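Data block below; observations after.
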Amino acid sequence: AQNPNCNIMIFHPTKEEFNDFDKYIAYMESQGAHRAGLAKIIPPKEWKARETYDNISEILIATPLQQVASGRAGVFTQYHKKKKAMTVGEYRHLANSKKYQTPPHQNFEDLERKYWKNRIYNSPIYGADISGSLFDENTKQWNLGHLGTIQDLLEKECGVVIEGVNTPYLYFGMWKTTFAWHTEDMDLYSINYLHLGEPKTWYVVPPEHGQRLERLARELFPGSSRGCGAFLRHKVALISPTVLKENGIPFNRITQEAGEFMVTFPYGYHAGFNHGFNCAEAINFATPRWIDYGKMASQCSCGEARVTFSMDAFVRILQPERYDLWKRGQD
Ligand SMILES: O=C(O)CNC(=O)C(=O)O
Ligand SMILES: [Mg+2]
Ligand code: NI
Ligand SMILES: [Zn+2]
């Protein structure tokens, strides 16, 4: 079995290997990359996402989210307070202000220490989940607005034609902005490209050990667990690496820098934080190997998780027994 310790793997495809996205994903899995839950892909040196980022400041963040924490430094939840709209230029200036800017630090490890020590005492503002793309239309390789759609993959594998669309989302981050522990909707893959700015640190639990994380989370967040049998779908809980180590949960960590792709694999729980002002683009995708994960994915039916239009069909076709209860949650 390849990669039996579930280490995060890093790949350096040549320009030739970068042509066929599906083929490269299947290659990475042949080497065991999925066992980690997360992989890094460094694009060939000849590739570029677009020519420059000099003209992005007029993009609108219609609903910036202030991420307010509650709990203790290593075990906390966050709620998202909606703020007034602002442009990317306005947000960048805010991220760079004294109140929100990255502190002086020695290296990524010192910054990681400071994040876990001090995150809860601040409420950074995240421009998340903004439909759109920063890939040039002429970029033909690994262009996250030109991937094959998940609806087309389900149709190719299973023969059933379904409604829905699959588009990318932009993320504008600042120091301490945080992504809570989660897997993707319907335990899909995700791909994330860091277009510009400061790094993003990731934590990940191997898919084969995801239930260990869930059992810890039920212990650490006991009221939330009673409220919903899939409350990590709410995407609000954080647990530090120190706490994960104390409780014997297998995980790995890696820092993504500008110009790099990360892939998350089906049922790979992940969480992380931004080092400073940055912009990422991400989208969900599927392969044949996902189908079985989609059929088994947990679901939130309490009403909190509220998701896209396109998840309806996935539930309806892959999880018909759960469909009625899940749909009630959506309405
Ligand atoms: O970058 C972020 O804030 C969150 N991204 C992801 O969870 C992802 O790409 O799957
Ligand atoms: Mg602009
Ligand atoms: Ni994710
Ligand atoms: Zn729920």
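Need a quick list: helices (runs of 4 or more DSSP H) entirely within region 204-313 having at least 2 residues that are touching a strand residue (DSSP E or B) at 6+ places or on another chain (Cβ under 8 Å) and within 16 Å of ligand 3 (Cβ to nearest atom). Explain how you work it out, then say what you get.
Numbers: elements: 210-220, 222-227, 241-246, 290-296.
Output list reads 210-220.
Hey, any hits in region 164-179 for a residue that's crowded, with 20+ Cβ neighbours inside 10 Å, more than 21 Å from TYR115 (Cα to Cα) and within 17 Å of the chain's Cα centre (by Cα)?
Yes; the residues of region 164-179 include at least one that is crowded, with 20+ Cβ neighbours inside 10 Å, more than 21 Å from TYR115 (Cα to Cα) and within 17 Å of the chain's Cα centre (by Cα).
Please determine whether any residue of region 85-98 is surrounded by 13 or more Cβ atoms within 10 Å (Cβ to Cβ), among the charged types (D, E, K, R), part of a helix (DSSP H, G or I) and more than 16 Å from ligand 4 (Cβ to nearest atom).
The answer is yes; a qualifying residue exists.
Name the residue, out of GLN101, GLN106, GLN78, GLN66, that is farther than 15 Å from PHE265 by Cβ and either surrounded by 17 or more Cβ atoms within 10 Å (Cβ to Cβ) or within 16 Å of ligand 2 (Cβ to nearest atom) (or both).
Details: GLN101 fails: either surrounded by 17 or more Cβ atoms within 10 Å (Cβ to Cβ) or within 16 Å of ligand 2 (Cβ to nearest atom) (or both); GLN106 fails: either surrounded by 17 or more Cβ atoms within 10 Å (Cβ to Cβ) or within 16 Å of ligand 2 (Cβ to nearest atom) (or both); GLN66 fails: either surrounded by 17 or more Cβ atoms within 10 Å (Cβ to Cβ) or within 16 Å of ligand 2 (Cβ to nearest atom) (or both).
Of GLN101, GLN106, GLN78, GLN66, the one residue that is farther than 15 Å from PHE265 by Cβ and either surrounded by 17 or more Cβ atoms within 10 Å (Cβ to Cβ) or within 16 Å of ligand 2 (Cβ to nearest atom) (or both) is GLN78.
So if I check each of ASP187, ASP136, which one is acidic (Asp, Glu) and either within 13 Å of the chain's Cα centre (by Cα) or crowded, with 22+ Cβ neighbours inside 10 Å (or both)?
Details: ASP136 fails: either within 13 Å of the chain's Cα centre (by Cα) or crowded, with 22+ Cβ neighbours inside 10 Å (or both).
Just one listed residue meets the conditions, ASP187.
Suppose we filter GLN67, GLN101 for residues that are out of contact with any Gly (no Cβ under 9 Å at 6 or more places or on another chain) and either within 16 Å of ligand 3 (Cβ to nearest atom) or within 25 Å of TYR169 (Cα to Cα) (or both); which single one remains?
Values: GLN101 fails: out of contact with any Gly (no Cβ under 9 Å at 6 or more places or on another chain).
When all the criteria are applied, what remains is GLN67.
Quick one: in region 251-301, which of the residues that are within 16 Å of ligand 4 (Cβ to nearest atom) and among the hydrophobic types (A, V, I, L, M, F, W, C) is farthest from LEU153 (Cα to Cα)?
Ranking the qualifying residues of region 251-301, first place goes to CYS300.
Name every residue in region 314-331 that is without any contact (Cβ under 8 Å) to a residue 12 or more places away in the chain and either part of a loop (DSSP other than H, G, I, E, B) or under 20 Å from the mean Cα position of the chain (by Cα) (or both), in order of residue number.
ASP331
Methodologically, a virtual Cβ is constructed for each residue, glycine included, from the backbone with ideal geometry; neighbour enumeration extends over all protein chains shown. Only the coordinates and a few stated rules stand behind these numbers; no lab work does.
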